[PDB]
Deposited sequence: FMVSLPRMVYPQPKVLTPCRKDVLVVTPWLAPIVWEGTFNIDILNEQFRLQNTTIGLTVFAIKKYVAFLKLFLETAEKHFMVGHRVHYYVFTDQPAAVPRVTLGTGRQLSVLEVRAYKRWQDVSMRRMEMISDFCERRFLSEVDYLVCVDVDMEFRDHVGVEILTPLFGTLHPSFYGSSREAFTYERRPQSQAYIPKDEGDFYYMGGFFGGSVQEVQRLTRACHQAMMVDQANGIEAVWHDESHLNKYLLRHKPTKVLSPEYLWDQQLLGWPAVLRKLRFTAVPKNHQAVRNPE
């Protein structure tokens, strides 16, 4: 049950003025595409706080990638769901290498030890995410991200929805035939040249716990099939995520504001904010 919003004073939305005219702000299946200027964060904050929403954030830091956790977590503290309940889940082969990061109130961190693999590290995240009962008991939404990243600006409840993917920053202006989907029919991830909505980035997806369990289960089952058949998708888990989201349309799509690489792509005018960005690495 959702109680009433309180009185709020904010600018009237005007139907005969769009804020954003430069970009597509809704998918053809009526999912919002989240850009700056499309949301009033005060209204969304009220809505989600009235539900006491808890957001879980998963991150893998295996082998040398433990080095990325300090900046990841410190900047998450500045920018990620501030004001909301947050539970970080750090999956690592080196529990003792997890930095001691000071958290704001209502935020917690759990360290989950996993085995290190010798592509497989990236690909095994789906299996490892699909800690199932734990998440259902502890959080409302799961957000699943790469560790070699930093938050530079607001990443908040505007992302939350049953199922979301993020537009890959190298492909948002590309035609579908250019997308690097898996193109071999022998793979479970196969997508023909005349199919596809978007090319989603494997490093930032999420949703409700139920929908995230569904996705990671389906992608892990599809990768197992490929394994059995002696085929490895061109972009590993990302290929499978793309096949899933083609057949199960996300209920929001995040703009490239939410997964950017300023060294490789600069700062185009279409991006008002650079919210979550790649950290330079070998």
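Several segments of the deposited sequence have no coordinates for C-alpha: 119-120, 133-134, 287-294, numbered from the first residue.
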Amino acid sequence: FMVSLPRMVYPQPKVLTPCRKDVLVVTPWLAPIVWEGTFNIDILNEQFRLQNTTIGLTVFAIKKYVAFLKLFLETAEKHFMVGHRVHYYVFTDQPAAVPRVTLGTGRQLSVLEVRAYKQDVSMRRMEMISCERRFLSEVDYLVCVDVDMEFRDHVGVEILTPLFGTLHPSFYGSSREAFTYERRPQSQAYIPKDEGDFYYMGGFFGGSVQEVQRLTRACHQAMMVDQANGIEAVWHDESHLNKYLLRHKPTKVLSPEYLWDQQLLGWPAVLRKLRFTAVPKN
From here on, numbers count along this sequence of modelled residues.
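For the two regions 185-193 and 71-79, the entry's Cα B-factors average higher over 185-193. Per-stretch averaging of Cα B factors for 46-54 and 228-236 places 228-236 on top. The PDB entry assigns its highest CA temperature factor, among 155, 167, 96, 144, to 96.
In the PDB entry, the Cα temperature factor peaks, among 16, 265, 274, 25, at 16.
In the PDB entry, residue 101 places in the middle third of its chain by CA B-factor. Among the modelled residues of its chain, residue 116 has a C-alpha B-factor that falls in the highest third according to the deposited record. Ranked by Cα temperature factor within the chain, residue 127 sits in the highest third according to the deposited record. In this PDB entry, residue 140 carries a Cα temperature factor that places it within the lowest third of its chain's modelled residues. In the deposited entry, the Cα temperature factor of residue 252 places it in the lowest third of its chain's modelled residues.
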